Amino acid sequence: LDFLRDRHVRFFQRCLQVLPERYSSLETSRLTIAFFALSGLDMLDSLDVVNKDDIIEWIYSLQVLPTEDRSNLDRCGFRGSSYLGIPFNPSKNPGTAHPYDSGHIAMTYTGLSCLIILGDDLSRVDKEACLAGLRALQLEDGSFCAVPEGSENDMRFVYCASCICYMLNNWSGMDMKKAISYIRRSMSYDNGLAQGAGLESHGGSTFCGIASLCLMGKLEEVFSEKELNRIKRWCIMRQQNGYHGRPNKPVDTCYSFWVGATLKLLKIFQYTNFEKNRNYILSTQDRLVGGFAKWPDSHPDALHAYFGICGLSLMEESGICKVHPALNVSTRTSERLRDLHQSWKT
């Protein structure tokens, strides 16, 4: 059918407003829900329907700034929300010590990402502190953790580190040689990329791996032409109509972005079947409340609404901005970032 654009704009609007206690499990990841919504509005060119200033303040209140003595540098970045109970402070005053307050790599990523989407210039972001915190997260094998207190480590966070280093336009945030090593070691016998060495290759990790390399501008340098051809084959094989994340697994709307974006970065998305993909993504559209679901006749959510839209974007949907496949922001936003970068270089 058709793309109920306005319906979706209303959907993201609600998301930025108030959620039912049934989404309590997203509490510590509220910032990434904000991203899905904001970047989603951006993608629909409707950022006007929100007060960019209020949101920018909220986001800045989530930054873990270094304390007076700067003894907490290894823990700076952004929080997912205010669940720790720290007094609201839009990065105005110095950091207030707290035994367990520290950033989360996915939040620093979506945080900065959100600020740029909203037009902020990142002047209030303690870039050095963030980069200091980032470095602290990388492990000996090249991958990253999400928090300094410890967590699981895998390709998801390698992509987060990459996005952060790219946006702050400074790669001192990671040991790129080790990161690239990790990404290589994750390639499977079937040629896809997994969360880590030996694991089952997966559409999500493949995107993270490929996108990270592109962000570092070393795709061609890390993988041989033969290797890239095998990876392309693995990706292109994910399309059934919509896309699944692993062989013999049911399609899921969000993979139209995860895999589609990878195919785009590999310059062969053009050879995929557009109609069947578009038809599937739409079959998961909620014509009543808006947004998209992973499967048709299933409840919608911010994640699938956003990625479903970005999936459509890849095929240049009427009424949706072109999405920057590696940075996961609209091209418009990616450019505002280019300018923002030039500015600093003075």
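All residue numbers are counted from 1 along the displayed sequence.
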Next item on the list: Give the stretch, out of 90-98 and 150-158, with the larger mean C-alpha temperature factor in the deposited entry.
Entry: 90-98
Notebook entry, point to check: Quick one: higher average CA temperature factor, 67-75 or 139-147?
Noted result: 67-75
Note to self: Please say which third, lowest, middle or highest, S298 falls into when its CA temperature factor is compared across its chain.
What the structure shows: highest
Notebook entry, point to check: Which third of the chain holds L288 when residues are ordered by C-alpha B factor: lowest, middle or highest?
Noted result: highest
Item checked: Record-listed C-alpha B factor of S256: chain third -> lowest
Next item on the list: Select lowest, middle or highest to describe the third in which the CA B-factor of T108 falls within its chain in this entry.
Entry: lowest
Next item on the list: Ordered by C-alpha B-factor within the chain, which third holds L122? Give me lowest, middle or highest, please.
Entry: highest
